[PDB]
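The data below hold one chain only, encoded as structure tokens and taken in the form deposited in one PDB entry.
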């Protein structure tokens, strides 16, 4: 009855103005993880309203309220891949809309699909990666390993199962063509969140940025959607040092738990997943330099107003260098004991 009462309030109390959430809510400086989790479903509705999706697509309010709650409920509680991750990703999507004028690049339905996909893009994550599904012979690998992107195929299927739950299909009044289009977009966008996919299309993303975005080019729309999605997924890096440091802590707790499971199964975990080997500053510098920074550089190349995003990610990368020396124990530990040897 908890979800029941939550739904009742979401529906009958009305959608709070986005400004009432926080005065800097639509700024790139805002940290959505600062929002209490109990306020996040209402904030999703607020953002949807402010982007005019509810009016433009005549979304049924009861259905939308149920959908948002079901999506939130469809996340488990690992250290990083939980609802607060999906919420913050979705918030960054809203920030791109508010700050970068997406309507000059993308169709309305494409922006709508990007935001809905942000909400659903890690549904039912179990705190382990694609490699672990295959190594552990999980049910997800049995279903999808032959296709690849095992977890991302699962996330997308979970999103569809929510839509297919009675009372939850926010698109069910759509035309046949628009419905098919929306689900196709969600497939493409969610599958774009596999790092393997990003690596595959990276040269194409570069070539798009250098020749220039062509709104009449259907391939450019698809590539831009992939880039924007990956920008949202990594958007914790575009905030202050405190956010970056906290997210590293959640990510490596999640990783080392997987690593401990791999050790128990007799397998040699990835080094970044092995708490006995992993050197966090060097790992994060490598992630920032090889993955995060090139993505926000592409974003800047395509959207000059995204410059501050790249500069912040580069700044956070430099901070890891600055604090790395603190991972060396100098003098004695605080307890004046060398017992830990």
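Positions refer to the first chain, counted from 1. Rigid core (definition): largest C-alpha set, two forms, superposition within 1.5 Å.
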{"property": "Greater mean Cα temperature factor according to the PDB record, 81 to 89 or 95 to 103", "result": "95 to 103"}
{"property": "Between the two ranges 228 to 236 and 124 to 132, the one averaging a larger CA B factor in the entry", "result": "124 to 132"}
{"property": "Which of 137, 187, 221, 200 ranks first by CA B-factor in the deposited coordinates", "result": "200"}
{"property": "Highest-ranked of 38, 301, 50, 60 once sorted by CA temperature factor in the record", "result": "301"}
{"property": "Assigned third (lowest, middle, highest) for the C-alpha B factor of residue 147", "result": "middle"}
{"property": "Ranked C-alpha temperature factor of residue 279 among modelled chain residues, by third", "result": "highest"}
{"property": "B-factor third for the C-alpha atom of residue 112 within its chain", "result": "lowest"}
{"property": "CA B-factor ranking of residue 169, expressed as a third of its chain", "result": "middle"}
{"property": "Modelled-residue ranking by C-alpha temperature factor, third containing residue 193", "result": "lowest"}
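Another form, the form deposited in another entry, is not on view; read the next lines as being about it.
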property	result
Rigid core fit then residue 12 CA moved by 2 Å or more between the shown form and the other one	yes
Large Cα shift (2 Å or above) at residue 328 between the shown form and the other one, core-fitted	yes
